[PDB]
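Structure first, then comments.
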Amino acid sequence: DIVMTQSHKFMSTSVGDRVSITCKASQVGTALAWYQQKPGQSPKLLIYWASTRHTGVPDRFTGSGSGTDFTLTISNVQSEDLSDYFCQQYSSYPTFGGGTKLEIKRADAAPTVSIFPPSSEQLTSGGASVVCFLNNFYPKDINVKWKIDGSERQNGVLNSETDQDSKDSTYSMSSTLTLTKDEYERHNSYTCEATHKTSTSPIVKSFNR
Amino acid sequence: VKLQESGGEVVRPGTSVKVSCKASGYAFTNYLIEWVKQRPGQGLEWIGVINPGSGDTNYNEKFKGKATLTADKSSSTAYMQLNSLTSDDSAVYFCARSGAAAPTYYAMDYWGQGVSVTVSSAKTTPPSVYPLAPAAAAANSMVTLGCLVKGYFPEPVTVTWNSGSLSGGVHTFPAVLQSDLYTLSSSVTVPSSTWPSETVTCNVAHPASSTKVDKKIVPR
Amino acid sequence: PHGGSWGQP
């Protein structure tokens with residue numbers, strides 16, 4: 001059971017820059033392949049036998065190494081290259097790497113946060129959901145805190161995150177707090193609180209009933 | 001030159017499923033057909049391989065009970081059947097061409113679009129669509145609007161704003177699981193003059209339930 | 001099945 005590890009696991013780059021992706025194996029070969037996967041797409045082979053380009057692959061993609069260490073190198077990175085990369089070994093039965101995702105560097109941006117009370121429609125059907133959007137922000141790391149009447153509320157929260165935007169290289173986040181209609185009516189103040197490195201102090205959004 | 005797989009399935013646990021890869025544009029019998037499994041957020045897992053001509057097979061040990069691989073040379077089609085389905089079995093499965101057909105392992109040169117398989121006991125349900133409009137705290141240069149799409153099965157739904165006309169500044173989030181069922185949201189942000197002065201509408205389409213819905217967003 | 005190779009053309 002050969003095992004494939006890609007250790008550094010996100011990488012950042014600027015369009016036109018060069019970046020290298022590392023791949024490790026738990027035992028030797030020359031049998032290594034590199035692949036590219038865009039989200040919602042099947043993988044496309046880039047390189048095989050460690051250094052050989054698959055048909056149609058552009059020249060800015062090169063691969064090197066032998067034995068237990070391998071590198072995929074992309075230079076003059078284009079926007080279209082932002083994506084997932086993993087290795088595979090065929091020395092023994094195929095096993096694949098975890099993959100590395102490629103990200104574009106940019107100017108830091110603070111999130112624009114917007115908060116929404118439950119729609120009357122949900123309330124009439126007996127449920128309440130409070131939605132907080134945190135949108136267009138970089139870099140990726142972020143925290144969102146929900147507070148009801150001054151109190152932090154940790155359960156009932158579901159979180160979704162977007163992949164980095166193609167058009168502006170920002171990130172986006174969604175936070176949903178689901179309550180029974182009954183505790184919803186029970187409290188008055190509802191707040192979405194975001195702390196991001198662009199600020200020391202959280203961006204806070206609230207509504208009162 | 002392609003591999004075309006069968007459409008996505010929703011199936012119940014303890015049943016069996018069979019998925020098809022149909023090969024065109026090359027010599028089906030000279031190339032091995034491999035199968036791979038991708039769960040969300042997880043590593044690729046090899047299932048096994050078939051020699052279409054023989055067709056002899058080689059299996060990942062893990063999958064020996066689960067998977068049966070077969071080839072029908074006359075139609076240029078390869079098949080995967082998976083049994084005793086359980087939740088851990090839900091994934092997208094890919095078929096791929098690899099080496100000249102011989103019993104050796106290869107890198108995988110071409111991939112099919114992949115077949116999503118969902119194993120669930122949940123009942124097909126249409127989404128509830130809820131408008132998100134402000135309280136409103138107001139007021140500012142641009143304005144953010146959304147719809148919350150709740151309790152639908154199975155995946156997936158597509159979201160659109162203003163019938164797709166309006167896609168500057170749309171964010172649509174990946175669905176998350178809430179029960180039997182699935183929830184997602186989408187946000188739209190437009191020039192603050194623009195709405196409420198003229199209309200903004202959420203469009204949600206769910207193929208599995210044969211349902212499309214439109215929610216106009218009205219000021220709260 | 002068992003060993004590693006190719007490609008050919």
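Here's how to read the names in the structure tokens: chain A, B, ... by the order shown, residue numbers from 1 in each chain, ligand numbers from 1 in the order shown.
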Show me a table, sorted first by chain and then by increasing residue number, of the residues of chain A having an atom at most 9 Å from chain C, each with its shortest atom pair and the distance in Å to one decimal, counting only C-alpha atoms and written as a tab-separated table.
```
residue	atom	partner	partner_atom	distance
A:30	CA	C:4	CA	8.8
A:31	CA	C:4	CA	6.6
A:48	CA	C:7	CA	8.3
A:49	CA	C:6	CA	7.7
A:90	CA	C:4	CA	5.9
A:91	CA	C:4	CA	5.3
A:92	CA	C:3	CA	6.7
A:93	CA	C:2	CA	7.6
```
Chain B near chain A within 8 Å: what's each residue's closest atom pair and its distance in Å to one decimal, counting only C-alpha atoms, ordered by chain then ascending residue number, as CSV?
```
residue,atom,partner,partner_atom,distance
B:42,CA,A:98,CA,7.2
B:43,CA,A:98,CA,5.2
B:44,CA,A:96,CA,5.9
B:45,CA,A:95,CA,6.7
B:46,CA,A:94,CA,6.2
B:60,CA,A:93,CA,7.7
B:94,CA,A:42,CA,7.7
B:105,CA,A:90,CA,5.5
B:106,CA,A:90,CA,5.6
B:107,CA,A:33,CA,6.0
B:108,CA,A:45,CA,7.0
B:109,CA,A:45,CA,5.8
B:110,CA,A:44,CA,6.9
B:111,CA,A:42,CA,6.3
B:112,CA,A:42,CA,6.8
B:113,CA,A:42,CA,5.6
B:114,CA,A:42,CA,6.8
B:130,CA,A:119,CA,6.4
B:131,CA,A:119,CA,6.3
B:132,CA,A:116,CA,6.1
B:133,CA,A:116,CA,6.5
B:134,CA,A:116,CA,5.7
B:135,CA,A:117,CA,6.9
B:137,CA,A:207,CA,7.6
B:144,CA,A:114,CA,6.9
B:171,CA,A:172,CA,7.5
B:172,CA,A:162,CA,7.5
B:173,CA,A:162,CA,5.8
B:174,CA,A:160,CA,6.2
B:175,CA,A:160,CA,7.4
B:176,CA,A:160,CA,7.3
B:185,CA,A:174,CA,7.5
B:187,CA,A:133,CA,7.7
```
Store the residues picked out above in a file with N, CA and C atoms, as a tab-separated table (two decimals), in the first residue's frame.
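Result file again24.tsv:
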```
chain	number	residue	atom	x	y	z
B	42	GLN	N	-12.38	14.33	-0.15
B	42	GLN	CA	-11.54	13.22	0.20
B	42	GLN	C	-10.67	12.83	-0.97
B	43	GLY	N	-9.68	12.03	-0.67
B	43	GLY	CA	-8.80	11.51	-1.68
B	43	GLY	C	-9.47	10.56	-2.64
B	44	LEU	N	-8.93	10.52	-3.83
B	44	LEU	CA	-9.32	9.58	-4.82
B	44	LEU	C	-9.00	8.17	-4.39
B	45	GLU	N	-9.91	7.26	-4.64
B	45	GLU	CA	-9.71	5.92	-4.24
B	45	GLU	C	-9.88	5.05	-5.46
B	46	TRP	N	-8.93	4.18	-5.71
B	46	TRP	CA	-8.96	3.26	-6.81
B	46	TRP	C	-9.85	2.10	-6.51
B	60	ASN	N	-8.99	-3.54	-6.21
B	60	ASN	CA	-8.53	-3.11	-4.93
B	60	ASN	C	-9.13	-4.06	-3.93
B	94	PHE	N	-15.85	7.71	-11.28
B	94	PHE	CA	-15.31	8.02	-12.58
B	94	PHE	C	-14.84	6.75	-13.24
B	105	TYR	N	-0.11	-1.65	-14.28
B	105	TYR	CA	-0.78	-0.43	-13.88
B	105	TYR	C	-0.23	0.78	-14.62
B	106	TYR	N	-1.11	1.71	-14.91
B	106	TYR	CA	-0.81	2.86	-15.69
B	106	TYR	C	-1.32	4.12	-15.05
B	107	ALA	N	-0.85	5.23	-15.56
B	107	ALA	CA	-1.47	6.49	-15.35
B	107	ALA	C	-2.76	6.57	-16.14
B	108	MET	N	-3.73	7.35	-15.70
B	108	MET	CA	-5.02	7.38	-16.36
B	108	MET	C	-5.21	8.56	-17.29
B	109	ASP	N	-5.13	8.33	-18.58
B	109	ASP	CA	-5.18	9.37	-19.58
B	109	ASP	C	-6.43	10.15	-19.90
B	110	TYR	N	-7.57	9.50	-19.88
B	110	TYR	CA	-8.81	10.21	-20.14
B	110	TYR	C	-9.92	9.87	-19.16
B	111	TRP	N	-10.68	10.84	-18.73
B	111	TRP	CA	-11.71	10.59	-17.76
B	111	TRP	C	-13.11	10.90	-18.24
B	112	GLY	N	-14.05	10.08	-17.83
B	112	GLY	CA	-15.44	10.36	-18.00
B	112	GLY	C	-15.89	11.48	-17.10
B	113	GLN	N	-17.06	12.00	-17.40
B	113	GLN	CA	-17.65	13.08	-16.65
B	113	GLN	C	-17.94	12.69	-15.23
B	114	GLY	N	-18.14	11.42	-14.99
B	114	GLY	CA	-18.37	10.93	-13.67
B	114	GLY	C	-19.83	10.80	-13.29
B	130	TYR	N	-37.23	30.73	0.26
B	130	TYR	CA	-37.57	31.83	1.13
B	130	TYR	C	-36.80	33.08	0.78
B	131	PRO	N	-37.49	34.18	0.62
B	131	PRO	CA	-36.84	35.43	0.29
B	131	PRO	C	-36.11	36.09	1.46
B	132	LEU	N	-34.91	36.57	1.21
B	132	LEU	CA	-34.19	37.32	2.20
B	132	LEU	C	-34.09	38.75	1.76
B	133	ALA	N	-34.71	39.61	2.52
B	133	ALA	CA	-34.72	41.02	2.28
B	133	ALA	C	-34.42	41.58	3.62
B	134	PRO	N	-34.00	42.82	3.66
B	134	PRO	CA	-33.52	43.46	4.88
B	134	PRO	C	-34.61	43.83	5.86
B	135	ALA	N	-34.25	44.23	7.07
B	135	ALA	CA	-35.20	44.61	8.12
B	135	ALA	C	-36.09	45.86	8.00
B	137	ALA	N	-32.17	47.79	8.16
B	137	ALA	CA	-31.31	48.78	8.75
B	137	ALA	C	-31.10	49.89	7.76
B	144	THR	N	-27.78	44.17	-0.60
B	144	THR	CA	-27.58	42.74	-0.70
B	144	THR	C	-28.87	42.00	-0.47
B	171	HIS	N	-23.54	35.35	-5.36
B	171	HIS	CA	-22.84	34.27	-4.71
B	171	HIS	C	-23.77	33.14	-4.42
B	172	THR	N	-23.41	31.94	-4.81
B	172	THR	CA	-24.26	30.81	-4.53
B	172	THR	C	-23.49	29.81	-3.73
B	173	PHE	N	-23.99	29.41	-2.58
B	173	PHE	CA	-23.22	28.55	-1.71
B	173	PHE	C	-23.51	27.10	-1.85
B	174	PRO	N	-22.53	26.32	-1.51
B	174	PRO	CA	-22.63	24.88	-1.59
B	174	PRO	C	-23.61	24.39	-0.60
B	175	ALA	N	-24.44	23.47	-1.02
B	175	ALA	CA	-25.47	22.90	-0.21
B	175	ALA	C	-24.94	22.11	0.95
B	176	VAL	N	-25.62	22.19	2.07
B	176	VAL	CA	-25.25	21.42	3.21
B	176	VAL	C	-26.43	20.63	3.65
B	185	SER	N	-28.08	28.55	0.30
B	185	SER	CA	-28.44	29.94	0.09
B	185	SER	C	-27.71	30.62	-1.05
B	187	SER	N	-26.84	34.79	-2.61
B	187	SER	CA	-26.99	36.19	-2.34
B	187	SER	C	-26.76	36.99	-3.56
```
Per residue of chain B within 12 Å of chain C, which atom pair is closest and at what distance in Å (one decimal), using only C-alpha atoms, listed by chain and increasing number, as a Markdown table?
```
| residue | atom | partner | partner_atom | distance |
| --- | --- | --- | --- | --- |
| B:31 | CA | C:7 | CA | 11.5 |
| B:32 | CA | C:1 | CA | 10.2 |
| B:33 | CA | C:1 | CA | 11.8 |
| B:34 | CA | C:1 | CA | 11.0 |
| B:48 | CA | C:1 | CA | 9.0 |
| B:49 | CA | C:1 | CA | 7.7 |
| B:50 | CA | C:1 | CA | 8.9 |
| B:51 | CA | C:1 | CA | 9.5 |
| B:55 | CA | C:1 | CA | 12.0 |
| B:56 | CA | C:1 | CA | 9.1 |
| B:57 | CA | C:1 | CA | 7.5 |
| B:58 | CA | C:1 | CA | 5.4 |
| B:59 | CA | C:1 | CA | 8.3 |
| B:60 | CA | C:1 | CA | 10.1 |
| B:98 | CA | C:7 | CA | 9.4 |
| B:99 | CA | C:7 | CA | 7.0 |
| B:100 | CA | C:7 | CA | 8.0 |
| B:101 | CA | C:1 | CA | 10.2 |
| B:102 | CA | C:1 | CA | 7.9 |
| B:103 | CA | C:1 | CA | 4.3 |
| B:104 | CA | C:2 | CA | 4.6 |
| B:105 | CA | C:4 | CA | 5.1 |
| B:106 | CA | C:5 | CA | 6.0 |
| B:107 | CA | C:5 | CA | 8.3 |
| B:108 | CA | C:7 | CA | 10.5 |
| B:109 | CA | C:7 | CA | 9.7 |
```
- Message: Give me, as number ranges by chain, the residues of range 39-188 of chain A that a backbone DSSP run labels strand (DSSP E or B).
- Response: A: 44-48, 52-53, 61-66, 69-74, 84-89, 95-96, 100-104, 109, 112-116, 127-138, 143-148, 151-152, 157-161, 171-180
- Report as a ChimeraX atom specification: the residues of chain A with a DSSP assignment of helix (DSSP H, G or I), based on the backbone of this structure. /A:79-81,120-124,181-186
Keeping N, CA and C atoms, export the residues of the selection given above as a PDB file, in the first residue's frame.
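Result written to again25.pdb:
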```pdb
ATOM      1  N   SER A  79      -5.129  32.557 -14.930  1.00  0.00           N
ATOM      2  CA  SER A  79      -6.289  32.495 -14.079  1.00  0.00           C
ATOM      3  C   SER A  79      -6.920  31.132 -14.185  1.00  0.00           C
ATOM      4  N   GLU A  80      -6.880  30.566 -15.366  1.00  0.00           N
ATOM      5  CA  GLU A  80      -7.460  29.270 -15.592  1.00  0.00           C
ATOM      6  C   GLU A  80      -6.730  28.151 -14.895  1.00  0.00           C
ATOM      7  N   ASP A  81      -5.536  28.397 -14.409  1.00  0.00           N
ATOM      8  CA  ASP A  81      -4.777  27.381 -13.718  1.00  0.00           C
ATOM      9  C   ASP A  81      -5.137  27.279 -12.244  1.00  0.00           C
ATOM     10  N   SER A 120     -41.400  35.907   6.534  1.00  0.00           N
ATOM     11  CA  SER A 120     -42.719  35.663   7.033  1.00  0.00           C
ATOM     12  C   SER A 120     -43.163  34.314   6.531  1.00  0.00           C
ATOM     13  N   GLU A 121     -42.751  33.978   5.334  1.00  0.00           N
ATOM     14  CA  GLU A 121     -43.109  32.713   4.779  1.00  0.00           C
ATOM     15  C   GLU A 121     -42.595  31.542   5.595  1.00  0.00           C
ATOM     16  N   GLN A 122     -41.362  31.579   6.042  1.00  0.00           N
ATOM     17  CA  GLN A 122     -40.888  30.532   6.881  1.00  0.00           C
ATOM     18  C   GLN A 122     -41.638  30.576   8.194  1.00  0.00           C
ATOM     19  N   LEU A 123     -41.881  31.741   8.732  1.00  0.00           N
ATOM     20  CA  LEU A 123     -42.550  31.791  10.000  1.00  0.00           C
ATOM     21  C   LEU A 123     -43.920  31.182   9.933  1.00  0.00           C
ATOM     22  N   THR A 124     -44.645  31.414   8.865  1.00  0.00           N
ATOM     23  CA  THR A 124     -45.976  30.846   8.733  1.00  0.00           C
ATOM     24  C   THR A 124     -45.973  29.317   8.645  1.00  0.00           C
ATOM     25  N   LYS A 181     -39.581  28.234  15.887  1.00  0.00           N
ATOM     26  CA  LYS A 181     -40.255  29.493  15.858  1.00  0.00           C
ATOM     27  C   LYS A 181     -40.360  29.958  17.288  1.00  0.00           C
ATOM     28  N   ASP A 182     -40.527  29.019  18.203  1.00  0.00           N
ATOM     29  CA  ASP A 182     -40.650  29.352  19.605  1.00  0.00           C
ATOM     30  C   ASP A 182     -39.470  30.026  20.336  1.00  0.00           C
ATOM     31  N   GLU A 183     -38.204  29.597  20.233  1.00  0.00           N
ATOM     32  CA  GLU A 183     -37.117  30.434  20.817  1.00  0.00           C
ATOM     33  C   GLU A 183     -36.915  31.675  19.963  1.00  0.00           C
ATOM     34  N   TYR A 184     -37.293  31.652  18.701  1.00  0.00           N
ATOM     35  CA  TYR A 184     -37.108  32.869  17.950  1.00  0.00           C
ATOM     36  C   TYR A 184     -37.933  33.997  18.496  1.00  0.00           C
ATOM     37  N   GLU A 185     -39.184  33.732  18.788  1.00  0.00           N
ATOM     38  CA  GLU A 185     -40.067  34.716  19.373  1.00  0.00           C
ATOM     39  C   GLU A 185     -39.617  35.072  20.775  1.00  0.00           C
ATOM     40  N   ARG A 186     -39.021  34.109  21.451  1.00  0.00           N
ATOM     41  CA  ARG A 186     -38.548  34.269  22.802  1.00  0.00           C
ATOM     42  C   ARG A 186     -37.453  35.308  23.001  1.00  0.00           C
TER      43      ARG A 186
END
```
- Message: If I take CA of residue 126 in chain A and CA of residue 126 in chain B, how far is one from the other in Å, to one decimal?
- Response: 17.4 Å
- Message: Residues within 7 Å of residue 62 in chain A, please, as a PyMOL selection string. Count only C-alpha atoms; anything in the same chain fewer than 2 positions from it doesn't count.
- Response: chain A and resi 51+59-60+64+72-74
